[PDB]
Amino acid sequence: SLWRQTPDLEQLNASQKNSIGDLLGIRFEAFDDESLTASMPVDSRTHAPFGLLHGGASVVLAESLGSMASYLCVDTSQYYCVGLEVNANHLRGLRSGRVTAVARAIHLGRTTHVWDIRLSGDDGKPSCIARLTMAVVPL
């Protein structure tokens, strides 16, 4: 019940067609009343030159997830949402498998949303934490 629009995973995934999220293999995986989850492969598409997951790729995942979450929480006939501020601590390096991100709301205001996004590799250890501020903008 965080959501205004009920998350439809197929449509979330489909909507990424011809964008970076599709290019990187980001997949919306699960949701509940308080969270939305997506994962992303750790391979050549997402590696930095030394074969570790690129820190910016973590942020593509987090910002893709957070911005999508914001879209599910506004009146889309009245508003759209763009990223305003993003930050992240890179905690542990990942070489293979997938990285999984979970987004939860810190604050959903009238003009801004703040999302807490937690990332971990397939061993379940925290790999990155991000905070995303979205701007809520009238068309």
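The first residue of the sequence shown is number 1, and the count goes up from there.
Peer 1: According to the deposited model, is the average Cα temperature factor higher in 56-64 or in 94-102?
Peer 2: Higher of the two, by average CA B-factor, is 94-102.
Peer 1: Return whichever of 72-80 and 110-118 has the greater mean Cα B factor according to the PDB record.
Peer 2: Mean B over CA atoms: larger for 72-80.
Peer 1: Against its chain's modelled residues, does residue 20's Cα B factor rank lowest, middle or highest third?
Peer 2: For residue 20, whose C-alpha B-factor we compare with every modelled residue in the chain, the answer is the middle third.
Peer 1: For residue 136, return the chain-relative third of its C-alpha B-factor as stated in the PDB record: lowest, middle or highest.
Peer 2: Ranked within chain, residue 136 CA B lands in the middle tercile.
Peer 1: Residue 30: which third of its chain by C-alpha temperature factor?
Peer 2: CA B-factor rank for residue 30: highest third.
Peer 1: Lowest, middle or highest third: which one holds residue 13 when the chain's residues are ordered by CA B-factor from the entry?
Peer 2: Ranked within chain, residue 13 CA B lands in the middle tercile.
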